[PDB]
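Listed below are the residues making up each chain.
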Amino acid sequence: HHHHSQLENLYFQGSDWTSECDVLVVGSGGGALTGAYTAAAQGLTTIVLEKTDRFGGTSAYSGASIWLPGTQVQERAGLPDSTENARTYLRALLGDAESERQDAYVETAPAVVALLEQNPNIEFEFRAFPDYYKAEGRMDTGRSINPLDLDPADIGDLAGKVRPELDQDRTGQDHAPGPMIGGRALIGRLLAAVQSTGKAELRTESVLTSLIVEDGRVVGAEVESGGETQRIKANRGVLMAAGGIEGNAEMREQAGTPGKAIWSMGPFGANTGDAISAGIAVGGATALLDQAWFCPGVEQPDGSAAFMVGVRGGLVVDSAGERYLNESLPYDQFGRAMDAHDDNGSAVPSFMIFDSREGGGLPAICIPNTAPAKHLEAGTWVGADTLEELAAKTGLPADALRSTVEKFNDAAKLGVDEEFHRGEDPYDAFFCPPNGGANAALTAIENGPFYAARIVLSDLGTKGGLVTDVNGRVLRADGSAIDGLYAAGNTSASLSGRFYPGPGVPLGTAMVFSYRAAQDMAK
Ligand SMILES: Cc1cc2nc3c(=O)[nH]c(=O)nc-3n(C[C@H](O)[C@H](O)[C@H](O)COP(=O)(O)OP(=O)(O)OC[C@H]3O[C@@H](n4cnc5c(N)ncnc54)[C@H](O)[C@@H]3O)c2cc1C
Ligand SMILES: CC(=O)OCC(=O)[C@@]1(O)[C@H](C)C[C@@H]2[C@@H]3CCC4=CC(=O)CC[C@]4(C)[C@@]34O[C@H]4C[C@@]21C
């Protein structure tokens, strides 16, 4: 499959519609299902198309922190926050560029949440996770909401259809004993809500192939399910929330997107730009394709990565064995700083230096979390009883590494990182449990043996794609809208530009613009 557009007159030379619906939704992420619910709940027949054999995609893998501020959820917690406070934070970071979509995101949040919580399968709650930048309107505790843990039993036959967490999915496993949490809860509840409307069809192994145009309006889509080809009519429109280009190496090389497909934490084979491609075909503009939701990734034996989040020890060096960033930085800034510092391989990979403080464990949350033994067997990590020998085994300058570590250890005993101010932020301190020092983020690495872990530039999906308006309408280069086509999530170029403002902005933008697209289609 390439994603070439059909004219209906052309297809009318032999074929005819194999199905029909008011709202066709391509994908089954947070956005897709939120747009599907918005449409089905108010009477529009909806068909949801999931390419793989599991609903949720990267949204299922997520922790389902959602940046929808100023809502009834934050009020129940008595949060010192408001729609206007949130608007200020976004303006202070992104500027006036895309200010209309900024306004729409922050202004629509409450309505999205009111509608979804109204369903008996959906309820959210505030959970503390700090916003990620020092700027007016920042929330040091955060303002993001999560779905409640869900007993799989409460959604029947939909639980087995939800994509399992990364610690199970990249190892041929299903959901474990632990109840549906984070992204698994988000998708389980939204599938249940969407089903409960009695106006929606949920399909797996149904792949978008081409949009169908008639007189320059999108009227439906070519789909591939069970060997054969289907032509699905869409009376009001098609919503494309099938993710980004994260799994398509060629589209990334072309755009100049840093990182690699094999490093992305998107489900292997799922998000390959199918929708973005299909949208360009029918005349859609694109932006920001070189941009991603970046994160450090712990390189794996199989050459893929694990999301490294909530760092609470060690330090990181370039190929010169010298710290170049605040290891406790939020993951998108961490990653962008690796990219900036890279002189043809000096920083990608970087090397995370740690000791036996965590009995051989890397002092951070790795998702998924491979056993140290497997890393050491494979040579992604390296271990030694001395820094001299560790530098030998890793090809790091031994004089430099040893200076870097003596200097870091000095700052740990002092309590301040003169070079990179590590631990001096509410995010940095959020993951650090108090030790016996003056700074919980700085812990001396003098306990043997010492380990070196290769860190690459991973991602949580791309954020470049089709240009959209405040209603998720796909636009041509001239600014005109392509009637019948709407895009959201990572299929749509982020209003957030080169910024990850705080936890849940991906799912948050996805859910608001998916919702707004349905509202537009309701007309
Ligand atoms: C471990 C982890 C934690 C994260 N935590 C959070 C968090 O807490 N909060 C947050 O906001 N973000 C978080 N993120 C990021 C977030 O998961 C993604 O950026 C977001 O879910 C992207 O949603 P999407 O709709 O763009 O993609 P997805 O959720 O992946 O949805 C895309 C779906 O479309 C399907 N699809 C693709 N092509 C086609 C086609 N042609 N036809 C039909 N279907 C197709 C795919 O199979 C997939 O099922 C996290 C990421 C990871 C890896
Ligand atoms: C799972 C459990 O029992 O507790 C462990 C945890 O806290 C998690 O693993 C949860 C699965 C969600 C949580 C957070 C939620 C907020 C968030 C939103 C984003 O968009 C990016 C990802 C983060 C920063 C998140 O770090 C991931 C993963 C952790 C740390």
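Residues numbered from 1 in each chain as written, not as in the entry; some residues may be left out. Chains lettered and ligands numbered in written order. Heavy atoms only, no water.

Trainee: Quick one: what's the story with unusual backbone geometry, residue by residue and with numbers?
Mentor: The step from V348 to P349 runs through a cis peptide bond, and the omega angle for that step is 5°. Within the secondary structure layout, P349 lies in the loop between α11 (331-340) and β14 (350-354). In the segment running from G448 into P449, the intervening peptide bond is cis, with an omega of -5°. Checked against the element boundaries, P449 lands in the loop between α15 (426-430) and β17 (450-462). One non-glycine residue, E205, lies in positive phi territory at about 35°. Relative to the assigned elements, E205 resides in the loop between β6 (200-203) and β7 (207-214). In this structure, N344 takes a positive phi of about 55° despite not being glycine. In this structure, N344 sits in the loop between α11 and β14. (Helix = DSSP H or I, 4+ residues; strand = E, 2+ residues; numbered from the N terminus.)

Trainee: Describe helix α10 (residues 274-281), naming the residues involved and giving the relevant values.
Mentor: Along α10, the residues that are buried comprise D274, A275, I276, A278 and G279. The elements touched by buried residues of α10 are β7, β9 (229-240), β10 (286-287), β18 (465-466) and β20 (481-487). Residue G283 follows α10 closely and has a positive phi angle near 105°. (Buried < 20%, exposed > 50% of the residue type's maximum accessible area, 1.4 Å probe, protein only. Contact = heavy atoms within 4.5 Å.)

Trainee: Report on the packing of helix α2 (residues 30-41) against helix α8 (residues 182-196), specifying residues and quantitative values.
Mentor: One can describe the packing of α2 onto α8 by two numbers: an axis separation of 9 Å at closest approach and a directional angle of 20°. In terms of orientation, α2 lies roughly parallel with respect to α8. Judged by the twist between their axes, the crossing of α2 over α8 is left-handed. Residues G30, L33, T34, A36 and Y37 of α2 pack against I187, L190, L191, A193, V194 and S196 of α8. In the contact of α2 with α8, the residues fall into 8 nonpolar, 3 polar and no charged. (Axes fitted to C-alpha atoms, helices over the stretch in contact; angles between N-to-C directions. Parallel < 35°, antiparallel > 145°, perpendicular 65-115°, else oblique. Left-handed = near helix turned anticlockwise from the far one by under 90°. Nonpolar A, V, L, I, M, F, W, Y, C, P; charged D, E, K, R; others polar.)

Trainee: A description of the environment of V467 should follow, citing residues and the corresponding values.
Mentor: Summarising the element assignment, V467 is placed in the loop between β18 and β19 (473-475). Accessibility expressed as a relative area gives 27% for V467, which makes it partly exposed. Sequence-wise, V467 and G479 are 12 residues apart; in three dimensions their C-alpha atoms are separated by 8.8 Å. Not counting residues within four places of it along the chain, the set of residues in contact with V467 comprises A285, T286, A287, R473, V474 and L475.

Trainee: Can you lay out the site of ligand 1 for me, pointing to particular residues and giving the numbers?
Mentor: Around ligand 1 lies a shell of 36 residues, among which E50, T58, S59, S65 and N490 are the nearest. Within the backbone of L49, a nitrogen or oxygen atom sits 3.4 Å from a nitrogen atom of ligand 1. Between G63 and ligand 1, the recorded distance is 3.4 Å, taken from a backbone N or O atom to a nitrogen atom. Relative to its free-state accessible area of 1,000 Å², ligand 1 is covered by the protein chains to the extent of 97%. Those elements that provide at least two residues to the shell around ligand 1 are α3 (57-61), β7 and α16 (505-522). Residue contributions to the shell around ligand 1 peak at 4 residues, all from α3. Looking at the shell around ligand 1 residue by residue, the class counts come to 16 nonpolar, 17 polar and 3 charged. (Near = heavy atom within 4 Å. Polar contact = N/O pair within 3.5 Å; in protein donor to acceptor, adjacent residues only side chain to side chain. Areas by Shrake-Rupley, 256 points an atom, 1.4 Å probe, with all protein chains shown as cover.)

Trainee: I'd like a description of the nonpolar core, backed by residues and values.
Mentor: Within the largest apolar cluster, 99 residues are counted, with the highest numbers of intra-cluster contacts made by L68, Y105, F124, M308, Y331, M352 and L362. With 9 residues, α16 is the largest single contributor of residues to this core. (Core = buried A, V, L, I, M, F, W, Y, C linked by side-chain atoms within 4.5 Å.)

Trainee: Can you tell me about the site of ligand 2, naming the residues and giving the values?
Mentor: The immediate surroundings of ligand 2 are formed by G63, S65, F129, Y132, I181, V309, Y331, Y500, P503 and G504. Here an oxygen atom of ligand 2 and a side-chain polar atom of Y500 are 3.0 Å apart. Contact distances for ligand 2 include 3.5 Å between an oxygen atom and a backbone N or O atom of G504. Protein burial of ligand 2: of its 560 Å² of free accessible surface, 65% is covered by the chains. Of the residues in the shell around ligand 2, the class split is 7 nonpolar, 3 polar and no charged.

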